[PDB]
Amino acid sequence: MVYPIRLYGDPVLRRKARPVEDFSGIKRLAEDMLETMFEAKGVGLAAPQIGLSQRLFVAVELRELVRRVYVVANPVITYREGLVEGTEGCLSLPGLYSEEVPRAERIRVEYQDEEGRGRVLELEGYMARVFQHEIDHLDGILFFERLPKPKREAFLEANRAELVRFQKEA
């Protein structure tokens, strides 16, 4: 029940996703997103990565191995604290990583669950980084854009050939 993951170069990855309004099918869609994420060995997946410009992502802290499963619609970061550099990649940019992506160490996020119910959550560390990365997808942002300019430019130069290849494939 998996969806193909959209690669770098697909314009859907760069759109501002639309808020979710009708939650009737969100549980089922979220289930297929999780199956896609799990088969690709990821820990998060955003709706734009399966071709859907909607403010929705799933993430986990293999369905039987997870401590917490998150279905997150209409997320807004309402608080952030701290700044920690860390390693990230992306299923839309397979095999490409940066080890110096700056993120807030702690966040507060307002969102709706798969039934449309308002929730508030605070995360620190790894899961705060996963949520920042996924929310970024909903704003049309990819992790290298979080790098300071010299580091972003180095990343794009160093990986130029693979980035070109993805775009052709997309």
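Start at 1 and count along the sequence shown; that's the residue number.
Missing coordinates between residue 115 and residue 116 amount to none of the deposited residues, so the segment is unbroken. Taking only CA atoms, the mean B-factor in the PDB entry is higher for 24-32 than for the other of 24-32 and 47-55. Of the two segments examined, 117-125 and 62-70, it is 62-70 that shows the higher average Cα temperature factor in the deposited entry. Highest CA B-factor among 111, 38, 143, 131, as stated in the entry: 38. Placement of the Cα temperature factor of residue 83 within the chain: highest third of the modelled residues, per the deposited record.
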